[PDB]
Amino acid sequence: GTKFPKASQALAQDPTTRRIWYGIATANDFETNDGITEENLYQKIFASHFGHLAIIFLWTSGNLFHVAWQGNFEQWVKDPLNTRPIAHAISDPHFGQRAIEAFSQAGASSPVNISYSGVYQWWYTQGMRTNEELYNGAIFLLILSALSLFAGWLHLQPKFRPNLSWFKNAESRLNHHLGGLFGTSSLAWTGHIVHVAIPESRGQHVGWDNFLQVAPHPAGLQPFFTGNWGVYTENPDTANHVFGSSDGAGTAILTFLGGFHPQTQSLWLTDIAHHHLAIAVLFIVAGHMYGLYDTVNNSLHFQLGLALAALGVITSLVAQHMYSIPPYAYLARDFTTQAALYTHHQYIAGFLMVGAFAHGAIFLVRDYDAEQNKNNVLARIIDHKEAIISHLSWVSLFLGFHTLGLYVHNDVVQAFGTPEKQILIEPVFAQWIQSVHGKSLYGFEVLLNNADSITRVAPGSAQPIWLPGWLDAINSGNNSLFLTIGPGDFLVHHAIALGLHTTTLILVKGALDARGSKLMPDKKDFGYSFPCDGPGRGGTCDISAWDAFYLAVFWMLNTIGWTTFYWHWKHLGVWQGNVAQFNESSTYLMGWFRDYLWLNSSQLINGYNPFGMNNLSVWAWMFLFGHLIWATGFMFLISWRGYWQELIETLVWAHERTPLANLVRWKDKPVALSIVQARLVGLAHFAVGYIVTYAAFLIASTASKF
Amino acid sequence: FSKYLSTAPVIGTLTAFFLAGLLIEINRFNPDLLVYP
Amino acid sequence: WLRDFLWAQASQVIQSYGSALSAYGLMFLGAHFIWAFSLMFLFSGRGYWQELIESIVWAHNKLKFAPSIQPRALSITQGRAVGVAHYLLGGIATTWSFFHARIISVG
Amino acid sequence: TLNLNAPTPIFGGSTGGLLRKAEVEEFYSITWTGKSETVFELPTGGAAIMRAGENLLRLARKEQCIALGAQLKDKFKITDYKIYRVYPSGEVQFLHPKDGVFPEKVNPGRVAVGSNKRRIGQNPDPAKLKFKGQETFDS
Amino acid sequence: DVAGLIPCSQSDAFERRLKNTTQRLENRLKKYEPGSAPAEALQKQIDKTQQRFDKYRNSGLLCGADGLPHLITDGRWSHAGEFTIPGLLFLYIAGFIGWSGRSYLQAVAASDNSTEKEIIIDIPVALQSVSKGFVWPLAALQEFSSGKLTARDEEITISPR
Amino acid sequence: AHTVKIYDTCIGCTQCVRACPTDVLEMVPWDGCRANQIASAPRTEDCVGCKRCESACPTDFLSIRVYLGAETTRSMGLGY
Amino acid sequence: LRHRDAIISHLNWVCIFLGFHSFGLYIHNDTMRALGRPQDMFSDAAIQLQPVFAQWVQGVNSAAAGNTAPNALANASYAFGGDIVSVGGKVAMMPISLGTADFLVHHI
Amino acid sequence: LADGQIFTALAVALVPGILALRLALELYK
Amino acid sequence: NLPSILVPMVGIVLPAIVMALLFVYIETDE
Ligand code: CLA
Ligand code: CLA
Ligand code: CLA
Ligand code: CLA
Ligand SMILES: CC1=C(/C=C/C(C)=C/C=C/C(C)=C/C=C/C=C(C)/C=C/C=C(C)/C=C/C2=C(C)CCCC2(C)C)C(C)(C)CCC1
Ligand SMILES: CC1=C(/C=C/C(C)=C/C=C/C(C)=C\C=C\C=C(C)\C=C\C=C(C)\C=C\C2=C(C)CCCC2(C)C)C(C)(C)CCC1
Ligand SMILES: CC1=C(C/C=C(\C)CCC[C@H](C)CCC[C@H](C)CCCC(C)C)C(=O)c2ccccc2C1=O
Ligand SMILES: CC1=C(C/C=C(\C)CCC[C@H](C)CCC[C@H](C)CCCC(C)C)C(=O)c2ccccc2C1=O
Ligand code: SF4
Ligand code: SF4
Ligand code: SF4
């Protein structure tokens, strides 16, 4: 009937409100469009990617532009320890006079937002010092987005439309991406660090206006070709050195000091330069090297699911390594953005990993051809699918019964006035690893704690020079490089393990039963997402593979929550130098309820009250805002379609029978949300609320006490 | 009535009453058993 | 309603460990648990758990001892009832515990 | 045919019946003979009184005419109900019984519409029918 | 001293967990009559703490900074009583419950109405299974070696692939 | 409208046909024996997708299958 | 049963009417308190929503001792109005005064 | 910054503003 | 100064335009 949605004529003939909703949902699902050939499909993907890239470019141009225009970067560079980074100005007409005086902070004369994205500490390290270098980044990214947008349009034109064979030319892509995209980019990034980052950290300004004149090393590029590479490991920076000046500055550009710079409490710039140069070489060599693998190549969902899994794993990696090994100057000192950066990337990682299994299940129903897939690894995992699921079921139950059991045991025993009766297991396997890495606290005394061990001496070539810098930081109680752990850390790690196993279980069972089960032998014929199969055969709600992902989104949030809850509380004591609170209260759950949630919410909950308002009124409003939209999701998840469809019918009747309103009419007949729709809408509210509530609390609780 | 006592809820309760009261009497005479000595 | 009522007056149900009010603090967390346990039945549906059980009746058939009473998931109407029971049991007993340990300590 | 007009039963009520969909497109009518003057529930609310008739009732959906038609055969044992769908603002006369015989009874002369010459385990993979106009369930 | 943990007999913090516990009860005993029924209720309560702490000093447990006994599970034979000795104690009792109900269902299924015998428990057949459950580490080994512990995957009900 | 397919495992029990609330199904003569009956779906444009038919089929895994498709005024069960 | 759509849709309207005009007066008051505008919310030092239909019933029930229930020595309770009664050191009963905050919860 | 550098940046941003409209109406067709 | 002009454009005026543009696009037909 109507033209919208263009992608699906069957939705376009639906006379109800369902059409718009489903037309929004089935829009970027290019595969299910009308008449879409394989060749046309791929070219659309490619072009859509250019559009996404441009948005990314515009986004970080908008962060540069707003910081240069409304931030305090120039003021921050002068004293990173005491200057609060400004995100952008505040222009909300609804503000009153006292509220403008509360958000006119960080020494500003306008209301502004204190930034917590860590962009100030990232841009500083790269060599930016003034606002005009920031603005030059924003304009350049504007062009690159316009270069991205034009290219997407360009590669859609007849003469420039890539062939199908080009997109599936796998071997050429690995070589060029590992070589070019990864290798030469990493090599280029080494170029930026030795020619700009390292000079600016030593008080010498190097910009586009002079970089072709000045040299990164006193007599560089004659030792490089003649093989005397060791000259670049000349006199490093002294422990007295103050970042951003020439006092104590050296001249080395490639080193292997290890550890962190004593003032900024972060990695040495010269150390970061060598890393990227080495990494570059590895990728360039590997980039000259180029059944199951054909079914990888014909399914876009298989590739995406593996690419989500690969991104999801390394997204978690970024979070784990940035808090313990700080790579940006003065990022360890601002505790709130370090809290924000870990939480942000861990939640993203949870979505990616869950998404990886989601697109894997889509592959099994729509792309897996079981006749062309026999006697390989894929068709063997489906062959003992019930074994895998049952074992995943056992480990979850095993982990869960006992970790919760110990917590409940400890809680009761602590409630009855007898804390000495708690069951506290020392994390000895972990504490062994810390002693294997050099932490001399537990005294296990083998590998890099034993001073005569082969791993510290290395009598083959006398290599081991990373050891002095590393050992100083891992033994000094001033950072997060292998934090001290105890009984509290043991229990939570098994809770996190419980979360990783149960979340994987839901995703694995959903994928392996996607094509069919006993309750629904022909499930694959109905696609990835369908309501159910009616009340027959006992009942079939939540039987589709999509519903399995849906249930798993609840478990990942819970899992990433327990991860972020743990990281925050532990670091909270560590940042206040009173580690005793976490160590003793985390072994029972009332400690997590009284000394973590209730205790740290004192100021946040007082962002505004009957006596006034402070610079936390936003976070306090957001905190309540999050609770309301979290709870609003429960409505769609608990109450189902039927109640609402019948209720809506009385509203249709009422509208048509009331004068002065009867006169006007809907173009789309009102109907209740769909069965699948409600799950999605409920989960979206739940998960937006889950994150928005924790973000408001995390930021405000840490910013209040530091 | 003895046939009724073999039915699952009542035979599942009195052994749950027995296995509880075993642990109630064990913790009464032998208190605070963390480890095996 | 959150700061001066639910945050401030719940300071005697969470600081109750080590006194005679401790079982209300155990019931406070004990009902927070069962309330959240209800949403496992409310947000989900039967046909997930029936196929999760199909892999668990497999491992009981694998070691040759599966019961002749065939294990089934709860019905749709029952899983609504199991969820609404633990929601009320976990919700009211949270309010039972918060009310009791407050006014015993203050009144 | 429909035998419009026919006496509507002595009802007088039901907010929940036959709104603006009926005047723009596709409302329905059920015609039966009630061999008594008994009260019967409607799909909208419950009463009217069945006439001797020639009884006729205009309903909103085909669902409600079979749900009422199942009631006349259960409680009152009058199985001569005849559902219809109207002229110009409607679509197709004489919806049930389409062959004059009730659909639970076999009748020679009907054709098998929507039959599949296989089981459901013999249905092909959706990857085998990818990027094609063929459907996974159709023969 | 395996993770920086002093033993609890030498821990100065574990002694101060004793000192404030009996001070919280002797102050709780200061208001009552000396011969009353709550008087002997707290004196028996104080002596339960004295049998708690003097048991934990001599047992060879490891106390940390807070002063609580910690368990070392990497299993060493100097710390076998924490997890290793109650671990073997659990598995026999848990395997006795497991091999009884597994052998009960195998005896029940080869009968006329096996479904009612999951409601009603045949006390001869149940006591026959707890006799087979006490010997479960010896009975499951010969059940596995003879091959009747497991079924093949062509005999189990299996979803469509 | 929804699509309702009838597979060759039908035993002509008529249960599905007598479960349908909108009279979408009927029994028709089978030619494989000229003795038994198979279910048919000649009026799928009136199918609301309730799936009452399948819930009445006695065969171990359905002989009649309803695959929900494009929704219409009739299929959404609207009186409006 | 013949006008059940008239009952439900009129009950449907009065829930959304009361949901906005009671709970939204907190969402207004959360937003006015957060935005630094305590003179724009619904309070006793702000736009007042006084319970005058209940404060009148607080007046006709607290003034019935000797007037309309003449043989009663005091009122039906001390909740509507009267003196405070103190047993030991604590209040047994005292006049529960109603205001804008009591108007807000009674419409919740 | 300067006041003229702001209007320079909004002048550049029409080039992604037109090329996004040129791409999105090409992705639509 | 330019904040005072732009944030009611993309806050009020520009969403009123694109909602107007999307609503006519939805309810058009061939
Ligand atoms: C009455 C409620 C209310 C309203 C209407 C606003 C409005 C605003 N506040 Mg807020 N604020 C409020 C209460 C309110 N505030 C309260 C109670 C506090 C605590 C005291 C604050 C604290 C506060 C801070 C700290 C800041 C604001 C800012 C702003 C402005 C954001 C401008 C913008 O870019 O919007 C555009 C909105 C978005 C980009 C987000 C909307 C995303 C949509 C909804 C998602 C769905 C997209 C989807 C495709 C839908 C289609 C959309 C399409 C049709 C256009 C805007 C004027 C910011 C500001 O000053 O900016 C200049 C800012 O920094 N406010
Ligand atoms: C780069 C990686 C990537 C890519 C290319 C895709 C691409 C796709 N996905 Mg996948 N997926 C991914 C990652 C990715 N996904 C991740 C990370 C997850 C886990 C969340 C999933 C889980 C998933 C599922 C379950 C499904 C897909 C589907 C799809 C397909 C259609 C998507 C669509 O049109 O929905 C339409 C888009 C929407 C409905 C977006 C609205 C919902 C957002 C989240 C609302 C945000 C809330 C609000 C704006 C927040 C405001 C803030 C608040 C404070 C105000 C498309 C092929 C679908 C499919 O069928 O594939 C064949 C499908 O069922 N994806
Ligand atoms: C806190 C979570 C939450 C919220 C906000 C709602 C909200 C509602 N429920 Mg729901 N419900 C919930 C949880 C919730 N429910 C749960 C968990 C269940 C499962 C048992 C249900 C089950 C349930 C049933 C069975 C029914 C309801 C009904 C209702 C509606 C009642 C009428 C009303 O007050 O309208 C007014 C709306 C509000 C007061 C919501 C707040 C709106 C604010 C104050 C104004 C908006 C500000 C601004 C304009 C927003 C947009 C800005 C942007 C566009 C720029 C209301 C929308 C009933 C209904 O639909 O009756 C008609 C009904 O019968 N709910
Ligand atoms: C994000 C964009 C945005 C912006 C920039 C504003 C800005 C404003 N809102 Mg807010 N508002 C918003 C979103 C926004 N709102 C949303 C999403 C909601 C729902 C939660 C609200 C709910 C809300 C309410 C209930 C109220 C406001 C009010 C106000 C004004 C307070 C100061 C004032 O009165 O100046 C004094 C200036 C005037 C009174 C006149 C200013 C210009 C008027 C509005 C238009 C004049 C007509 C003009 C010629 C043509 C109309 C423009 C239109 C076609 C685009 C301020 C202009 C208050 C107000 O005064 O409303 C008008 C008010 O009572 N807002
Ligand atoms: C279902 C499905 C799917 C999905 C899947 C997924 C998504 C996956 C995931 C998975 C994952 C994602 C995995 C991962 C893994 C990893 C690993 C396993 C790693 C390891 C590591 C290592 C081995 C290391 C080691 C070391 C250390 C630790 C230190 C020292 C040295 C070294 C280095 C050696 C797909 C798509 C296929 C499709 C079909 C179906
Ligand atoms: C020593 C030790 C340890 C370790 C442990 C381990 C490492 C283990 C492993 C284990 C494993 C890795 C295992 C595996 C298994 C597998 C399988 C395959 C099984 C099977 C089973 C069965 C078959 C069963 C049967 C039965 C019985 C016997 C009785 C009851 C009933 C039933 C049926 C259940 C620790 C450190 C902790 C501590 C110290 C000590
Ligand atoms: C309230 C509710 C409704 C009624 C709600 C309907 C029909 C939609 C109401 C939404 C209106 C249009 C307000 C939407 C406000 C949103 C902010 C608009 C977002 C639009 C996006 C495209 C941006 C259901 O239909 C339903 C169905 C199944 C399970 C649960 C429920 C359920 O809980
Ligand atoms: C978890 C869950 C299940 C699975 C839960 C089940 C099958 C309940 C089974 C658990 C009980 C506790 C098993 C009890 C077994 C014996 C009675 C134990 C006897 C022990 C004696 C000693 C007493 C559903 O079936 C379901 C259905 C519909 C919506 C949501 C859900 C849902 O959330
Ligand atoms: S409507 Fe609800 S209860 Fe019925 S089959 Fe679908 S999901 Fe299950
Ligand atoms: S499809 Fe099912 S209900 Fe219909 S005749 Fe065949 S077996 Fe009977
Ligand atoms: S889905 Fe419902 S209406 Fe359609 S044929 Fe089956 S029983 Fe009849």
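Residue numbers (the entry's author numbering), protein chains in the order written: chain A, 2 to 291, 321 to 736; chain B, 3 to 39; chain C, 646 to 752; chain D, 78 to 216; chain E, 26 to 186; chain F, 2 to 81; chain G, 431 to 538; chain H, 2 to 30; chain I, 4 to 33. Cβ atoms here follow ideal geometry from the backbone N, Cα and C, with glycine treated the same way.
Please determine whether the Cβ atom of A:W670 lies at a distance below 7 Å from any heavy atom of ligand 9.
Flag set: Cβ of A:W670 near ligand 9.
Quick check: does the Cβ of C:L719 come within less than 7 Å of any heavy atom belonging to ligand 8?
yes
Taking CB distances under 8 Å as the criterion, tell me whether C:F688 reaches chain A.
Any Cβ of chain A closer than 8 Å to the Cβ of C:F688 would place that residue at the interface, and such an atom is present.
Looking only at its chain, what residues have a beta carbon closer than 6 Å to the beta carbon of A:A582, apart from the 5 residues adjacent to it on each side?
When the five nearest sequence neighbours on each side are left out, the beta carbons in the same chain lying within less than 6 Å of the beta carbon of A:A582 are those of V384, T533, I536, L537, in order along the chain.
What does the alpha-carbon distance come out to for the pair G:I438 and F:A42?
38 Å
Between A:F244, A:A152, A:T61, A:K548, which has its C-alpha nearest H:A25's C-alpha?
A:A152
Is C:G736 close to chain A? Criterion is C-beta to C-beta, closer than 8 Å.
no
For ligand 4, I want to know if G:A464 counts as a neighbour, meaning its beta carbon is within less than 7 Å of at least one of the ligand's heavy atoms.
no
Give a yes or no on whether the minimum CB-CB distance between E:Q35 and chain B is below 8 Å.
No, E:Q35 lies away from the interface with chain B (no Cβ there is under 8 Å from its Cβ).
Min CB distance C:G670 to chain J below 8 Å:
The structure shown has no chain J; the protein chains it does contain are A, B, C, D, E, F, G, H and I.
Ligand 3 heavy atoms versus the CB of A:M665: any closer than 7 Å?
yes
Taking C-beta pairs closer than 8 Å, name the residues in chain A that G:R432 reaches, listed in chain order.
Within 8 Å of the CB of G:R432, no CB atom of chain A is found; the nearest one sits about 13 Å away.
Sort A:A544, A:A147, A:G128 by Cα distance to C:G692 and report the nearest one.
Taking only the C-alpha atoms, the option nearest C:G692 is A:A544.
Exposure of A:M620, with buried meaning 16 or more beta-carbon neighbours within 10 Å
buried
With distances taken between CB atoms, is the gap from C:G690 to C:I721 smaller than 8 Å?
The Cβ-Cβ distance between C:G690 and C:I721 falls below 8 Å.
Hey, does E:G106 have any beta-carbon neighbour from chain A nearer than 8 Å?
no
Quick one: what's A:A13 bridged to in DSSP?
Within the DSSP bridge table, the entry for A:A13 names no partner.
Limits of the beta strand (DSSP E) - the one that E:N83 falls within
Taken as a continuous stretch (DSSP letters only), E:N83 belongs to no beta strand (DSSP E), being part of the alpha helix (DSSP H) at 62-83.
Using the Cα positions of A:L270 and A:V68, report the straight-line distance between them to the nearest angstrom.
24 Å
Under 8 Å between C-beta atoms, does D:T92 make it to chain G?
D:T92 counts as touching chain G.
What does a CB cutoff of less than 7 Å around C:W694 pick up in its chain, not counting 5 residues either side in sequence?
If you ignore the 5 residues before and after C:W694, its C-beta comes within less than 7 Å of the C-beta of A718, all in its own chain and listed in chain order.
Taking only three categories from DSSP, how would you classify B:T9?
strand
For A:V522, count neighbouring Cβ atoms within 10 angstroms of its own Cβ and tell me buried if that reaches 16, exposed if not.
Buried is the label assigned to A:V522, since at least 16 other Cβ atoms lie within 10 Å of its Cβ.
Between the Cα of G:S507 and those of G:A522, G:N497, G:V517, G:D470, spot the shortest distance and give me the residue it belongs to.
G:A522
Closer than 7 Å: A:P565 CB and nearest ligand 9 heavy atom
yes
So what's E:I146 in DSSP terms, helix, strand or just coil?
coil
Can you tell me which residues form a DSSP beta bridge with A:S247?
Looking at the DSSP assignment, A:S247 forms no beta bridge with any residue, so it has no partner.
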